[PDB]
Ligand SMILES: Nc1ncnc2c1ncn2[C@@H]1O[C@H](COP(=O)(O)OP(=O)(O)OP(=O)(O)O)[C@@H](O)[C@H]1O
Ligand SMILES: Nc1ncnc2c1ncn2[C@@H]1O[C@H](COP(=O)(O)OP(=O)(O)OP(=O)(O)O)[C@@H](O)[C@H]1O
Ligand SMILES: Nc1ncnc2c1ncn2[C@@H]1O[C@H](COP(=O)(O)OP(=O)(O)OP(=O)(O)O)[C@@H](O)[C@H]1O
């Protein structure tokens, strides 16, 4: 039926729905930012279209400025008269058609300037138009150059690359139940200063009466040294041991599948090749937690080097796990201990 | 040609030293060795049978940005030459079709005409001229003895197409050059490690020590030291953890994992109960399947890039009973260190028992 709520999905990307946020209006800086945040298939198109539109716009202006002076009349009557009676008076030499104005604009801005179409020193309006057009062309070229530099810089990153298991396990390890999951890497480099944090999502209350709605917490990931940095070259099985103080201690075994909990995993680090800090997220819910199972080993010795095979990443076989809550194993040994 | 037609000689006699020498072992171990990471970085694992994700052209561009400086110039030059040539051929075909080549040849064979009033693209007469006109249009030179009259609109289309593509080429190549010039400090990493490891006696318990130093005149900031032991174990309930990496404390005055790296240092590691080195003895520590990894992290203030340096130790290289010679020495007016005494180790009084028992038998004597 209607889906029961999750906090963050099976592919990260927190599903929260902020609503009625007090928003301000438009900051055109946001539009420019969209300009730099683009796809190449569209960046190339707008890049070309800017130049095409600019040339056409200044071509129409150039035709008008060739219209104002006595230019078109002179070049239309010279053909009839076949007389060189218009040698020097014209405003922009040999500009006599909208096509010719368009060609002159192309010549002037990309700095081609073939030089058969000279620009005299007479019509001040024309000199104003030339100054304006040259400045606009310089600005446009600089902006697009900046766009290309940002594109090249943001080329290297492709997509998130740290991979978490289909589901997790809850095994028995060293005389106390432990929550385990599997994390792997697909990169060529390795993640510097990697860190892993685990959280328990549960709707909670406080004994004195306050109400906490989607409260977070944190569960102590274990190392023999009480520290959280982890080095990831082989696929790893992150583990967390159940103590009396984690909220993952009073749950039962059979009745986990019908129980309101969520386990969020956050893995951060800094990539060595390009030096960009990254954070990858995932979550496990009640429906996708297989109690009492355990992961099979995947690293073996191939007589030349160690060898692992991620094709067998998510397979998980069931082995022994006592049918009691992780509390019953310590409050009353005779209840569980055997 | 048919070397061994006469096949008759078979099983007459061989009867020889092939393995029945009896004074030489028949076996040939051949001594192959596998370590978790090579002695000089380059983690050597074996990923295979991974569900592949195909390829995408953005990866080709990503390769374009990451090239050695002796290939960027080559791809630059090839790109420029190919572009000029391609548009030269387009211009040559345009000149051919519109009847310009014939007009120029016929009216220049006899100079009587001098007619250039009806031509598609003036003063293009050969492929040489077309491959000099395309030069004058792409690089924004514009020599201008060859105007483009306004008539033939196909030529104008070609000019628009070529100018825009030329700008694209110029912008992309400038971007590549700038990106490679900005990230030009980033040569490589030059962290120097001692190779041999001692287990001396100091401060009432054993140790685990080596030496590390830099070469760049910039010291490394927020340097952190991590030491791990690689071994295969199983749960008491019996599950194969294939290559368990166990973290072990590196001692320090306040138990924190930063180190300040200016003069080379000893990196101690006191063996205590939790440490996996509790159970290793003198004659034992030549035979063992263990690999101790060391991970050094920091940033270099000059380039502003985070760096991670890796090395690996095996039980075979580690030589019990030694320590490191005091490389430093107060000189005439200023301290100094001779890195030439890097791998040099000396021997001194070394107990031969295990730290497992160096508290069990409570006599500092062994
Ligand atoms: N919805 C919101 N959007 C943006 N900023 C907010 C929002 N709510 C609170 N803030 C920030 O918190 C502070 C709230 O102070 P303020 O005195 O405006 O509270 P308030 O608006 O009276 O609260 P309420 O409207 O809920 O009664 C402000 O500085 C504001 O920047
Ligand atoms: N060998 C592999 N090669 C490439 N990607 C992998 C590999 N193993 C796992 N992944 C990635 O890790 C994620 C988790 O895979 P997992 O094995 O946990 O799920 P799964 O049930 O095997 O998924 P599927 O049913 O699609 O095979 C997947 O989305 C997948 O993209
Ligand atoms: N003066 C030095 N310059 C550069 N590297 C050094 C120097 N001294 C030692 N090393 C490093 O120490 C590591 C061990 O090398 P090796 O065992 O061949 O020499 P060593 O005994 O440590 O020192 P030496 O060669 O001075 O006797 C090498 O990786 C090497 O790079």
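Take the residues in the range A:187-211 that are surrounded by fewer than 12 Cβ atoms within 10 Å (Cβ to Cβ) and part of a strand (DSSP E or B); name whichever of them is farthest from the other protein chains (Cβ to nearest Cβ).
Out of the qualifying residues, it is A:211.
Could you pull out the residue among A:142, A:155, A:159 that is exposed (fewer than 13 other Cβ atoms within 10 Å of the Cβ) and within 23 Å of residue B:167 (Cα to Cα)?
The conditions single out A:142.
Looking at the range A:226-236 only, could you name the residues that are surrounded by fewer than 17 Cβ atoms within 10 Å (Cβ to Cβ) and on the phi < 0 side of the Ramachandran plot?
Matches in the range A:226-236: A:227, A:228.
Would you check if there is a residue in the range B:327-346 being in contact (Cβ under 8 Å) with a residue 60 or more places away in the chain, within 23 Å of residue B:36 (Cβ to Cβ) and either away from ligand 2 (no atom under 16 Å from the Cβ) or part of a loop (DSSP other than H, G, I, E, B) (or both)?
The answer is yes, given that some residue of the range B:327-346 is in contact (Cβ under 8 Å) with a residue 60 or more places away in the chain, within 23 Å of residue B:36 (Cβ to Cβ) and either away from ligand 2 (no atom under 16 Å from the Cβ) or part of a loop (DSSP other than H, G, I, E, B) (or both).
Return the total of residues in the range A:273-305 being under 25 Å from residue B:50 (Cα atoms) and either more than 14 Å from every other protein chain (Cβ to nearest Cβ) or surrounded by fewer than 17 Cβ atoms within 10 Å (Cβ to Cβ) (or both).
The total comes to 20.
Which residue out of B:177, B:192 is touching a helix residue (DSSP H, G or I) at 6+ places or on another chain (Cβ under 8 Å) and outside the structural domain of residue B:278 (by CATH)?
It is B:177.
Please specify each residue of the range B:247-269 satisfying the condition of being within 25 Å of residue B:290 (Cα to Cα) and free of Cβ contacts under 8 Å to residues at least 12 places away in the same chain. Can you show your working first?
Step one: filter the range B:247-269 for residues within 25 Å of residue B:290 (Cα to Cα), giving B:247-252, B:257, B:265-269.
Once the filter is applied, which keeps residues that are within 25 Å of residue B:290 (Cα to Cα) and free of Cβ contacts under 8 Å to residues at least 12 places away in the same chain, the range B:247-269 yields only B:252.
Matching residues to (1) under 21 Å from residue B:314 (Cα atoms); (2) facing chain A (nearest Cβ under 7 Å):
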{"residue": "B:219", "(1), (2)": "no, no"}
{"residue": "B:223", "(1), (2)": "no, no"}
{"residue": "B:230", "(1), (2)": "yes, no"}
{"residue": "B:235", "(1), (2)": "no, yes"}
{"residue": "B:238", "(1), (2)": "no, no"}
{"residue": "B:241", "(1), (2)": "yes, no"}
{"residue": "B:246", "(1), (2)": "yes, yes"}
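All but one of (1) out of contact with any strand residue (DSSP E or B) (no Cβ under 7 Å at 6 or more places or on another chain); (2) within 14 Å of another protein chain (Cβ to nearest Cβ); (3) surrounded by 12 or more Cβ atoms within 10 Å (Cβ to Cβ) hold for residue B:88, so report the exception by its number.
(2)
Quick one: how many residues across the range A:293-305 are farther than 16 Å from residue A:182 by Cβ and touching a strand residue (DSSP E or B) at 6+ places or on another chain (Cβ under 9 Å)? Even if it seems obvious, please write down each step before you answer.
To start, the set of residues in the range A:293-305 that are farther than 16 Å from residue A:182 by Cβ comprises A:300-305.
Now narrow it down to the ones that are touching a strand residue (DSSP E or B) at 6+ places or on another chain (Cβ under 9 Å): A:300-301.
Final tally of qualifying residues: 2.
Answer yes or no: is there a residue in the range A:12-29 that is away from ligand 2 (no atom under 16 Å from the Cβ) and assigned to a helix (DSSP H, G or I). Spell out the reasoning first.
Residues of the range A:12-29 that are away from ligand 2 (no atom under 16 Å from the Cβ), as a first pass: A:14-29.
Imposing the further condition that a residue be assigned to a helix (DSSP H, G or I) reduces the set to A:28-29.
Yes, the conditions are met somewhere in the range A:12-29.
Scanning the range A:306-326 for residues that are more than 17 Å from residue A:181 (Cα to Cα) and more than 36 Å from the chain's Cα centre (by Cα), which turns out nearest to the other protein chains (Cβ to nearest Cβ)?
Out of the qualifying residues, it is A:320.
Given the options A:41, A:26, name the one that is out of contact with any strand residue (DSSP E or B) (no Cβ under 6 Å at 6 or more places or on another chain), away from ligand 3 (no atom under 16 Å from the Cβ) and more than 14 Å from chain B (Cβ to nearest Cβ).
None of the others qualify; the one that does is A:26.
For the range A:170-186, name all the residues that are assigned to a loop (DSSP other than H, G, I, E, B) and within 11 Å of ligand 2 (Cβ to nearest atom).
Answer for the range A:170-186, where residues must be assigned to a loop (DSSP other than H, G, I, E, B) and within 11 Å of ligand 2 (Cβ to nearest atom): just A:186.
Here is a yes/no grid of residues against (1) away from chain A (no Cβ under 14 Å); (2) within 16 Å of ligand 2 (Cβ to nearest atom); (3) surrounded by 10 or more Cβ atoms within 10 Å (Cβ to Cβ):
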position: B:31; (1), (2), (3): no, no, no
position: B:47; (1), (2), (3): no, yes, yes
position: B:51; (1), (2), (3): no, yes, no
position: B:58; (1), (2), (3): no, no, yes
position: B:82; (1), (2), (3): yes, no, yes
position: B:100; (1), (2), (3): yes, no, yes
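Considering only residues that are within 11 Å of chain B (Cβ to nearest Cβ) and within 48 Å of the chain's Cα centre (by Cα), look in the range A:111-136 and name the one that is nearest to residue A:31 (Cα to Cα).
A:111
Which one of the conditions (1) surrounded by fewer than 16 Cβ atoms within 10 Å (Cβ to Cβ); (2) part of a helix (DSSP H, G or I) does residue A:148 fail to meet, given that it meets all the rest?
Every condition holds for residue A:148 apart from (1).
Kindly establish whether residue A:263 is within 16 Å of ligand 2 (Cβ to nearest atom), in contact with a helix residue (DSSP H, G or I) (Cβ under 8 Å, 6 or more places away or on another chain) and more than 8 Å from chain B (Cβ to nearest Cβ).
When the stated conditions are applied, residue A:263 does not pass them.
Does residue A:317 satisfy being out of contact with any helix residue (DSSP H, G or I) (no Cβ under 6 Å at 6 or more places or on another chain) and more than 30 Å from residue A:153 (Cα to Cα)? Show your work before the answer.
On the way: out of contact with any helix residue (DSSP H, G or I) (no Cβ under 6 Å at 6 or more places or on another chain): yes; more than 30 Å from residue A:153 (Cα to Cα): yes.
So residue A:317 passes the test.
When we count neighbours, we look across all protein chains shown, and the Cβ atoms used for this are built from the backbone with ideal geometry, even at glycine. The values are calculated or read from the model by the stated rules, or taken from the named source; no laboratory read-out is quoted.
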